[PDB]
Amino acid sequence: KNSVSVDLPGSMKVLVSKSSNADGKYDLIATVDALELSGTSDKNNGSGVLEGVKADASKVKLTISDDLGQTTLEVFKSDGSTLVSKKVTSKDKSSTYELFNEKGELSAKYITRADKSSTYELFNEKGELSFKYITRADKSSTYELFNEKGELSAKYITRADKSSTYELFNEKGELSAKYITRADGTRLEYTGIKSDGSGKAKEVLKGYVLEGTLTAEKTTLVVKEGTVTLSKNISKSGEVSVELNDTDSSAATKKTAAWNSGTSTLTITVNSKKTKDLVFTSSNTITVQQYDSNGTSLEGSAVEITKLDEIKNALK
């Protein structure tokens, strides 16, 4: 009887007999699940086919490749044809796992790649994808809900940075709404999104919200006070730029502004003097600081804005 043993992909062990049988082949034994499997092989390395029959007549089949590079574990009904499950594991620790219904067709499928990223897919009665979960190397997680046409109904994404994205889709599976919650709890909300990617935009900050529009390229959020319009643009990416336009025609009172991307600061000028800096911080806040009477140096300290009225006051 007793000889040596061999580790296999998927945390299984096979015992391989010393000495050959009547065909010059080696006996193989492995206990997998609650079942002792047995087989014979050409080789003495632990590769080959082992089989067993469970108490309920299910047929089990473990196939170990010649180089020990992979294992396939199949469970069939009495038939020996219709699958119950199928697990293919690589020496990577990478693996596929398929679960079948009593028709012998795919109910669910789990994949994990070498880099630790994985998919779970749940199929329905119609052999159609109902839900899907995807994990990537960047430690993001995606949850996808499908309608009875296999189009997206909803999608939820969580990221490493602690932010999330929740997407809702219309009857045709086109994106209709998108809600982005930043790590800090501030939000960008897009609604009424059309087939060209245009829509309504809202940014939810601490103490106030900005509203505006979405287009293919950018998000433009707008604050208006009298003749002055302030626009905060947020890139197709995630980049902030800011501009100001004043329809005031009098050179004594007309506001203009310069944007400095490097410092995230809009500097307002009136009548050839700088009047204030608006800083758009990495904390998703806005600060305001006034210049001195020469429009030369900054005066006092920057003040954090806490409501929309204060932005408007700064634009007067």
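Counting begins at 1, following the sequence as shown.
- Mean C-alpha B-factor is higher over 28-36 than over the other stretch, the pair under comparison being 28-36 and 283-291.
- According to the PDB record, 91-99 carries the higher mean C-alpha B-factor of the two stretches 91-99 and 69-77.
- Note on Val222, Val209, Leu175, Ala160: the highest value goes to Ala160, judged by CA B factor as recorded.
- Among the modelled residues of its chain, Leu145 has a C-alpha B-factor that falls in the middle third, as given in the PDB entry.
- Ranked by Cα temperature factor within the chain, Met12 sits in the highest third according to the deposited record.
- For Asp56, the recorded CA B-factor ranks within the middle third of the chain. Only modelled residues enter the ranking.
- Annotation for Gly192: C-alpha temperature factor in the lowest third relative to the rest of the modelled chain, per the entry.
- Residue-level temperature factors show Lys109 in the middle third of its chain, judged at the C-alpha atom.
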